[PDB]
Amino acid sequence: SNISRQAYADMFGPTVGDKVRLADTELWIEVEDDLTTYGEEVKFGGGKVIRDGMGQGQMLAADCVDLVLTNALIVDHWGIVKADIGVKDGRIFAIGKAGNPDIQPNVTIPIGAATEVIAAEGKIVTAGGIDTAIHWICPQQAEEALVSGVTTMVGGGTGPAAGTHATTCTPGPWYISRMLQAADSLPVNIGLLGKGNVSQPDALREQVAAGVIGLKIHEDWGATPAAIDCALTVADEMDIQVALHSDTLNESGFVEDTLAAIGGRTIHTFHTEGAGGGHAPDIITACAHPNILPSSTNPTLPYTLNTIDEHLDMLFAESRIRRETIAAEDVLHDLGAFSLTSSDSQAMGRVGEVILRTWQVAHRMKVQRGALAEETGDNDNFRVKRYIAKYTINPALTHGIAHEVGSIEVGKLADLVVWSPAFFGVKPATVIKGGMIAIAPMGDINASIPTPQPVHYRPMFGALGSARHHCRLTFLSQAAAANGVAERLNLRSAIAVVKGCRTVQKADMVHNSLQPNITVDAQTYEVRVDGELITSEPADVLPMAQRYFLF
Amino acid sequence: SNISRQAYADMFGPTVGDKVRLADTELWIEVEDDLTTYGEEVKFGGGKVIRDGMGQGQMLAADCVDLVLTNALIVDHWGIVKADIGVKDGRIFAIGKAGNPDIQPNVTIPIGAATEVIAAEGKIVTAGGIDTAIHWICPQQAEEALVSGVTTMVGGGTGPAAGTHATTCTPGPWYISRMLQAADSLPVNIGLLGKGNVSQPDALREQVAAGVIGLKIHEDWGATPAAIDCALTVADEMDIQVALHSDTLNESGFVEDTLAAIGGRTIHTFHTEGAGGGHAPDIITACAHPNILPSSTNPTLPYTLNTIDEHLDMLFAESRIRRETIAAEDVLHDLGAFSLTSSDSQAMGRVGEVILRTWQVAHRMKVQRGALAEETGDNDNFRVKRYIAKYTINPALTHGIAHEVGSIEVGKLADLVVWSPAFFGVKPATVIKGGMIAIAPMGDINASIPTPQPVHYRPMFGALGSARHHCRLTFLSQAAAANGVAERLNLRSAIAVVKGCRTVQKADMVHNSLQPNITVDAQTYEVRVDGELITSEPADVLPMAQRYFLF
Amino acid sequence: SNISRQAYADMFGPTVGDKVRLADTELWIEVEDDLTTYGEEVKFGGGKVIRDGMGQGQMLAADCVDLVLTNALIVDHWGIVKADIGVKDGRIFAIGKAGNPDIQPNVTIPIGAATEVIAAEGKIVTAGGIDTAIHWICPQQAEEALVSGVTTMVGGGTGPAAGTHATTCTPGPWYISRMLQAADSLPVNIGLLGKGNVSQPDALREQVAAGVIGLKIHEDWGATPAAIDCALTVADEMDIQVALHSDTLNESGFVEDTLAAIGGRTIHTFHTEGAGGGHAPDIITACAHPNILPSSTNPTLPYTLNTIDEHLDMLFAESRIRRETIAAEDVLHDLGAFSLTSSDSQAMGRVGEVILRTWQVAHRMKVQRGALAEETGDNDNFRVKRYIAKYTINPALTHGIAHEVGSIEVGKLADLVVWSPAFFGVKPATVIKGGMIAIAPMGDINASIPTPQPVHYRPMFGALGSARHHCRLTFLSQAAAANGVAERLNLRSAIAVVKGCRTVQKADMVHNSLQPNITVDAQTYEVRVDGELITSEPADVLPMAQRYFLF
Amino acid sequence: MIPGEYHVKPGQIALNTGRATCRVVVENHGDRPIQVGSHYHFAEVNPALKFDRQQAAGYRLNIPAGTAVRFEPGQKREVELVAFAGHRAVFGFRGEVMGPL
Amino acid sequence: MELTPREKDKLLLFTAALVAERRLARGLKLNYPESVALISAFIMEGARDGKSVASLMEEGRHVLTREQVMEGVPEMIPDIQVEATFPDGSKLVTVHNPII
Amino acid sequence: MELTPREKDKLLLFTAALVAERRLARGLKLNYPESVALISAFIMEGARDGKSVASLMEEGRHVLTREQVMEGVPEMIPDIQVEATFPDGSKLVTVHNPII
Ligand code: NI
Ligand code: NI
Ligand code: NI
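Numbering of residues starts from 1 on every chain and follows the order in which that chain's sequence is written, so it may differ from the entry's own numbering; residues lacking coordinates are left out. The order in which chains are written sets their letters, starting at A; the order in which ligands are written sets their numbers, starting at 1. Shown here is not the whole assembly but part of a larger one, and the values apply to the part shown. Values reported for side chains reflect all heavy atoms of the structure, with hydrogen atoms and water molecules removed beforehand.

Header annotation of the entry names X-ray crystallography as the structure determination method and lists the resolution as 2.0 Å.

Thoughts on the overall build of chain A
Put simply, DSSP marks the helices as runs of H or I at least four residues long and the strands as runs of E at least two long, and each gets a number from the N terminus on. Scanning chain A for helices and strands turns up 16 helices and 27 strands. The globule rule puts the C-alpha radius of gyration for 551 residues at 24 Å, and the 23 Å found for chain A is close to it. Judged by the C-alpha coordinates and their principal axes, chain A covers about 75 × 55 × 40 Å. Here chain A holds 551 residues, and 70% of them are scored as buried. The protein chains shown are the only cover counted for residues, whose accessible areas, like all others here, come from Shrake-Rupley with a 1.4 Å probe. When the accessible surface of chain A is split by element, carbon and sulfur atoms take 50% of a total near 15,600 Å². Neither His nor the chain ends is counted toward charge; the positive residues are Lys and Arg and the negative residues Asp and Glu. Each charge is placed at NZ for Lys, CZ for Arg, CG for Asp and CD for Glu. Where the 41 positive side-chain charges of chain A centre and where its 63 negative ones centre are 4 Å apart. Radius of gyration here is computed from C-alpha atoms only, and the compact-globule reference equals 2.2 Å multiplied by the residue count raised to the power 0.38. Buried means the residue's accessible area, taken with a 1.4 Å probe over protein chains only, is under 20% of the maximum for its type, while exposed means over 50%, and partly exposed covers the values in between.

A closer look at the environment of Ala16(F)
Along the polypeptide, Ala16(F) turns up in helix α1 (residues 5–25). Residue class for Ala16(F) comes out buried when judged on its relative accessible area of 0%. Along the chain, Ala16(F) and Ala37(F) lie 21 residues apart, while their C-alpha atoms are 5.8 Å from each other. If we skip the residues at most four places from it in the chain, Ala16(F) touches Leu550(B), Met1(E), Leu11(E) and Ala37(F). Pairs of residues are marked as contacts when any of their non-hydrogen atoms sit within 4.5 Å.

Looking at the coordination of the nickel ion (ligand 1)
Residue and element names in this part refer to chain A. Protein-derived ligands of the nickel ion (ligand 1) are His-245 (ND1) and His-271 (NE2), with the metal-ligand distances lying across 2.4 to 2.6 Å. Residue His-245 is found in strand β15 (residues 241–245), and its partner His-271 is found in the loop between β16 (267–269) and β17 (292–297); the two are separated by 26 residues along the sequence. Of the residues examined, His-245 reaches a relative accessible area of 7% and is grouped as buried. Judged by relative accessible area, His-271 falls into the buried class, the value being 4%. Shown as donors are all N, O and S atoms within 2.8 Å of a metal ion, widened to 3.2 Å for Na, K and Ca; because water is not in the atom set, sites may appear incomplete.

Concerning the pattern of salt bridges
The working definition used for a salt bridge is a side-chain nitrogen of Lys or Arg within 4 Å of a carboxyl oxygen of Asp or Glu. Applying the stated rule across the entire model yields 98 salt bridges over all chains. Among the salt bridges present, the one from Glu40(B) reaches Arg60(D), with a minimum N-O distance of 3.0 Å. Taken together, the residues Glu40(B) in the loop between β4 (33–34) and β5 (67–76) and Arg60(D) in strand β6 (residues 59–61) connect one chain to another. Judged by relative accessible area, which is 0%, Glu40(B) ranks as buried. Taking the shortest distance from any N to any O, the salt bridge between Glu83(F) and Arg350(C) comes out at 2.8 Å. Placement of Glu83(F) in strand β1 (residues 79–86) and of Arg350(C) in the loop between β18 (340–342) and α11 (354–369) is noted, with the two residues assigned to different chains.

Overview of the packing of helix α1 (residues 5–25) of chain E against helix α2 (residues 32–49) of chain E
Residue and element names in this part refer to chain E. To define axes, lines are fitted to C-alpha atoms, for helices over the stretch in contact only, and angles between the resulting N-to-C directions are given on a 0 to 180 degree scale. Two elements in contact, α1 and α2, have axes whose closest approach is 8 Å; the angle formed by their N-to-C orientations is 115 degrees. Note on packing geometry: the crossing formed by α1 with α2 is left-handed. The residues of α2 that touch α1, namely those facing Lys-10, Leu-13, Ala-16, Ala-17, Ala-20, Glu-21, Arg-23 and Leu-24, are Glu-34, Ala-37, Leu-38, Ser-40, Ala-41 and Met-44. Under the scheme applied, nonpolar residues are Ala, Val, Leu, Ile, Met, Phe, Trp, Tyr, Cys and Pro; charged residues are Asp, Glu, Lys and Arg; polar residues are all the others, including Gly. The residue makeup of the contact of α1 with α2, split by class, is nine nonpolar, one polar and four charged. Here a crossing is taken to be left-handed if its near helix is turned anticlockwise relative to the far helix by less than a right angle, and right-handed if that turn runs clockwise.

What to know about the side chain of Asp9(E)
Here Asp9(E) is to be found in helix α1. Overall, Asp9(E) belongs to the buried group, its relative accessible area being 10%. When sequence neighbours within four positions are dropped, the list of residues in contact with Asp9(E) reads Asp444(A), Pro454(A), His456(A) and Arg458(A).

Some details on the nonpolar core
Judged by nonpolar contacts, the single largest core of 207 residues is most densely connected at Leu69(A), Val125(A), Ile29(B), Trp136(B), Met153(B) and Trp359(B). Per-element tally for this core: the top contributor is helix α2 (residues 32–49) of chain F, with nine residues. Side-chain atoms within 4.5 Å link the members of a nonpolar core, which is a set of buried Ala, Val, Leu, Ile, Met, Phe, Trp, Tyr and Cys residues.

What to know about the interface of chain B and chain A
The interface is formed by 55 residues belonging to chain B together with 50 residues belonging to chain A. Each of two parts loses accessible area, computed with a 1.4 Å probe, when they are put together; buried area is these two losses added. Summed over both partners, the interface of chain B with chain A comes to about 4,200 Å²; 60% of that surface belongs to carbon and sulfur atoms. Looking at the side of chain B facing chain A, the largest losses of area belong to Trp174(B), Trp221(B) and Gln346(B), adding up to 16% of the total buried there. At the surface where chain B touches chain A, the tally comes to one salt bridge. With a closest N to O distance of 2.7 Å, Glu251(B) and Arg51(A) form a salt bridge.

Looking at the domain arrangement of chain A
All names here are of chain A. In this entry, domain limits derive from an automatic or database-based domain assignment. In terms of domain boundaries, chain A breaks down into domain 1 (1–127 + 407–464) and domain 2 (128–406 + 465–549). Its C-alpha centre places domain 1 at a distance of 31 Å from the equivalent point of domain 2. If you look at the interface, domain 1 gives 45 residues, while domain 2 gives 49 residues. Across the domain 1/domain 2 interface, buried area totals approximately 3,800 Å², and carbon plus sulfur atoms make up 62% of it. Its largest share of buried area at the contact with domain 2, domain 1 owes to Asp-24, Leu-27 and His-77, together 17% of the area lost on that side. On the surface where domain 1 and domain 2 come into contact, there are three salt bridges. Identification of polar contacts relies on pairs of N or O atoms within 3.5 Å, with a donor-acceptor requirement for protein atoms, meaning one able to donate a hydrogen and the other able to accept it, and with residues adjacent in sequence counted only if both atoms are side-chain atoms. Between the two partners, domain 1 and domain 2, sit 24 residue pairs in polar contact. Of all the elements in the fold, those that place two or more residues in the side of domain 1 that touches domain 2 are β2 (28–30), β4 (67–76), β5 (79–88), β10 (124–127), β19 (416–419), β20 (430–433), β21 (436–442) and β22 (456–459). Residues that form the side of domain 1 that touches domain 2 fall into these classes: 26 nonpolar, eight polar and 11 charged.

Some details on the sheet that holds strand β1 (residues 6–7) of chain D
At least two bridges found by DSSP between two strands are what make those strands a pair. Strand order in this open sheet of three strands is β3(B)-β2(B)-β1(D), and the pairing throughout is antiparallel. Looking at strand neighbours, the two that pair on one side only are β3 (28–30) of chain B together with β1 of chain D, the edges of this open sheet. Bridge count between strand β2 (residues 19–21) of chain B and β3(B): three bridges; the pairing is antiparallel. The residue bridging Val20(B) from the neighbouring strand is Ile29(B), located in β3(B).

Details of the environment of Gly112(C)
The residue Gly112(C) is located in the loop between β8 (109–110) and β9 (116–119) in this model. With 83 residues separating them in the primary sequence, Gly112(C) and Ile29(C) have C-alpha atoms 33 Å apart. Setting aside chain neighbours within four positions, we find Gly112(C) in contact with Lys195(A), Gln56(C), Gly57(C), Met59(C) and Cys64(C).

Given below as structure tokens:
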């Protein structure tokens, strides 16, 4: 028959040409494509489509998916499309049209007796976030981050010890081993960073062989040219990434001396703007280099009225906390010069606010700068793809784990986050880890339905014992994997190895590969790209704030 | 010497002829027998009986019980008697007279150095409940149910997914395996149900071989004659039970067509009254058949003033929510035509209210119908035995696990619930799983005694890691057990196999085997047995409600 | 250069000659020694000492410590000194001067890339407490005790059962095994006590072979001369300790008969004052014997205005609750006649108050009796060493585990507690178990730093899964260890064996070896030592109370 | 209506019926109180209690299970004893019998 | 008190409503969680008083108006559901479009 | 604040008493958990004020009367016990037959 577009959207979610507002921001996404065959959409329920002989077929488990997310509006770096998502063996099987080939046309995702269903009509589905600036100060950070939509956490620490409070470093074999063991208890994928500050290669090789997937060079442990060179030499031979928090004091030299020590080798610069640490006042100039993968920590995102007052106290202080570089950082993100966003958890950063803040920056930039030169059509699709890549695929590429996670592509681990449009980026409807729901808002346990109050996030089956081990990954360096570290420490979770950390360059950062001719004035701190001043205005009120939180 | 009956009851609990009110209901139980030898009762404490050479003997561990529950008033389907209960190796050892044979007469339960003591004088002891309509929407349901007195949970689900929200089905090998692994973390015995809606036998055999102990046929996945026949054929060959939620829409046929498809084969009909689902408006007529084991879900038990208003909204709606069948269901339970009670957790049912509601029905029926034809004496003993069987032994028989749990009989797993008479059926004093206390009300942890406020239910040693694995059972199908599923998934808990699911019939339901000549009028929905109208009046106030709960 | 002592103390913590007030008590400690080289103290931070080539060297993991606690003020039975503490492989490596031998003088604790840092300047570091009177009524007691600064718990129980409510006994092989398995889940070192009340040796040998590290003789199970002799005979052959709660009723005899049955064999008398149990009214006279290791439970410590009113009700009652012996007990502790303090958790004792109450006694005694004859200088150093030994080394010696824990000495397990002087004995800053922080006050998880409110104790990485197993010990008897009990029950934690329980005597109790010529008047209950009356006055207000607790 | 109330039928319960009993005068000669439990082997009680221990051999107090009889210093009283049953094998107490009788 | 898990969970809801209640008193326009907690706690007290499910489904739509809450809030709350112990046991109250 | 587990547990008791307190104010006859929470919180505040254990054991029997609670409630509460930090440390208060 025929159906009106409005009634259609109400029943199956929006289709090609319909626009959706992201939470309470000014960002609008438009459905670019819809992989369905009108009239053949699968819907679950009494008298609905997914029933024996109808939308559900006669195939054995091996010939059908374990889970299908029906009528999902996918938002990812590659597109904003409407489709069914098939998950098999904890991995993304296909993005297409689900159903029963026996009676339906164009079926690419077969549903059978072995198939569970998650109704995603009217919802937005995204890959899980990846935070790469974690200070393991306490294990509670994992639940907080998972609830926000982050499913992979890379960082270092041993608990609430002075070294960890300050740096993302897990010092030495003993602590590395203890933390790899502790990781089996957390519901997020984890990779650890060791202490890279040493001028003796063997002291670094040991940590890599113990299991770390990267080495953190932090100024508090001495970010000297000698230390930097040593860590990069070992990284080049062991295929692990190096993360940097440079010499703010300019003790061993200026930014150009650090850049010189790096010598064109691949490196991930943390909080590239500088308030979070780094050569004062020009560490921000690192984003001009092809071998630098630059990220921001979240307290400075986006520039608001209280930012400075807050930072100055949170923290010579005036040489590090500069209104000039903080205002410019938002714009550099909008332009693609900065490629990742991270937290810097409980050490000048908020663990549950990586996603939320990334979207507030996009909103503030749309409001201030209008449409991006790359936009096409009357929507913010390109700006949305540029920003979502900052906490998904780009962090995955920087740390050599993009072969496992980072986006919604076939064969990748099924770490997915389901959002209702009104709460997008703020409070998820469902967080899936490796094919099983791990945490979700849950109402009264004794109620007749799962919706009665009070509704708050509670751990689900994917976060329990052995089911959790099967649905999470512990990333190891190739050396540790070869040495049998997993068998020796008796690790229970699935193991993944990092690779390709040395070959990534700025040009590889999805939708964020700009290398601007940027300069910072030594006296005024003004940031200029090609001579033009880069700046922005502080927000008085932001979306995704007081309308959603109780405190 | 001599002692007055009142002082006696105060010290050792009631004896033969004494009556006890169950909570705040109108139900009174009378002690039918007392297995003690007056003057030789064992009591624990300073200067009491259970001491070396006195009530405690010189035997080795192998010759004495690990735990004795002293002076318990047992309420079970077979009797309401006063006795000591001996537990050895996590199983019920004996029900008799405890003590030391060296100096005491008639000792059948030897107490030695290896014996722990639980003082049950003045308390009622019952078997743990068994809920067979669980939707595994969240893992928190297990603690809620355990606290209520339910120790075995049978059902299906994968978490808060649309399929599970609607049905008690764990779809396919992958999810079944994940859930069997997750079950090791829960403090209740667990058995899973697979998705039985398919017209291809092999798709069902796979699920059974993966570990499910039954197959659920649900209308949302297509409860067609073809699907029903297929599931029953596989059940007949694999010795597993089939649970049914029939076609409410009468899409494939009426109730007689479904009954015809079943063809006299054993089947468990969920929520047989219909409000919870099933051929409108006469699915209730299934309780007339010898091969149907009929149960009720709990939101309709018992019929009260707010039931309809609540259900109509919770939920053509008027064809499913009928005052006529809801009023009759209470009576059919009183008569033994309905044999089990269950929840339908967070899907039109309340997980912590299976026991509580069963007793409210008994109370309401005593109030409205007086004594049962089977009662003898001035007490409600028979009515109490008929109802307790509804959530203990009958669910165990229906699902083939009665050889392990379901009642207080020698050799069965020691899943016991201790109640104070004033809180019977509402809030347990102690919940024992496999010989160890698993949860109990516990006061201030830092207090000088365990009783100071605030007192709330907290997990005990029987719910912890390895002790938990040893005190709980994961039920498997005979096929899964033979295939080594436990070893492959590396299951840590004790394993039990289901058997005898195909041979149970209505006549086997303890104290609830009535097969009435029942009819439902297609137009008026009136229920009649032998031509006589069956109905009841809605309660305005119920016992076990506002006097006990804070909210 | 030069620096003033005040600015010095502010930066590095106090040094030789400086005094510190312990919490809000009247006790002052004076730094006796400082192992540093002025100008070469190690400090961690931006631009500080612990950096590559500076305070951090080039050595491999094997040649440096895993953790260093910088500038700690150690308070232990052997001294009150300022030093750096090195921890390697979960054990105390050295107490000395930390740094890099390449550029610094007198380095005894090498810091390298594999070294984590905990800043202890301005903090007091002590060994973890050891509570030996635990009733395992609920598992929550472990977190409560750990938070208070207690890292080892010795006791018995099976949960909230009548036997355990009354006694610290884990009855028989089955329960012992279940509890040894459950112990792997708790973040404290654990050793269990079996039921020693039997007149058949083999029934005791079985329990010892099952894993108990001691046998508890409790009057509720019959504390008869026959039972006592039997337990001591087995203890003498199996090298395990015996703990006693004597016959308060004087049923089998008086205190001299019990003492006679013991026959000069080593035994630990619980709550030696008597209010907690024991021959009325003179069990307190046991502290005069060389083979008796006497302890107090905590509700009577220290004597206050509400003590009696509270006890009389908590509890012939007047023969057991005596103001005369309760007042004397505080003094006997001050004199070293009583050697240990314990709780008697949730059975006439408070699990989180062992340390807190021990210090309140010291304060009350300083206030009432002035300086100890052993004091030297104007400080309370000796009184502080005498009292701290009561819950650390003495309990370790009494139970044969002093080779593993009990004090801050090289080679012992690194169970350490870090305190801020203002909260000493009340609320710890950090609790370290086996080299990893296990619990600590933690602020807002989503905050930019770990300090924002609300700050409350939360479990850290050392209390998680496999990391926990590696950082805790389960103590076994030599027989159980030899029998392969750990392998059979599949225990995951580290195992330690007890030894030297039979050879300890009163003379071995550190700073508490007084054997007074004590007497108790049968009629008046007055306690006299050498004819002089021993008594004290009840406190109206105590330190470490209302200034620190919310309730 | 009282939740969980009892409706105990009036009357009394005869304890330890059909068993040999004997009365003994007992006097506490000690300076401290002594309390004896219902099932303790009376012949092996605290030595300070003066009585015909030979008559009390194999007997216990004929009182409701779990109760006790107290003897303040100097207190003299007549108690009723009831014989041990079962195997009549006494183990424990002061270790005076440790076997049958 | 022997509080079960569900009773303790409802204490969380009551406390959230205390927060909202104080803010409404200051003259603030309530946000999403505050609105849900306030109306929810209202219904629970209604059940404690003994009002019927029918009465509460109606009364619940008059606790907060569109002018007492932030923009967009009424649209974020299509309904509110909560269960409580009525004189006749636990019942579910669903208030549709509570804010207008 | 550095709240220990026991301090946090007592917050649960305080909140339960807030619920009971409001219901008593509406003129409702309190149920079992409400009665235990109200009298318990009363004692804790008494200790904070510095009253003695002896005084509280007595004052605690005059918080609620038999006419302010539901039928059967007084008989379900033979005593109430709670500990709190008195000026002289933690002490246990036991109020026997609190409701009459
Ligand atoms: Ni940094
Ligand atoms: Ni159903
Ligand atoms: Ni004791």
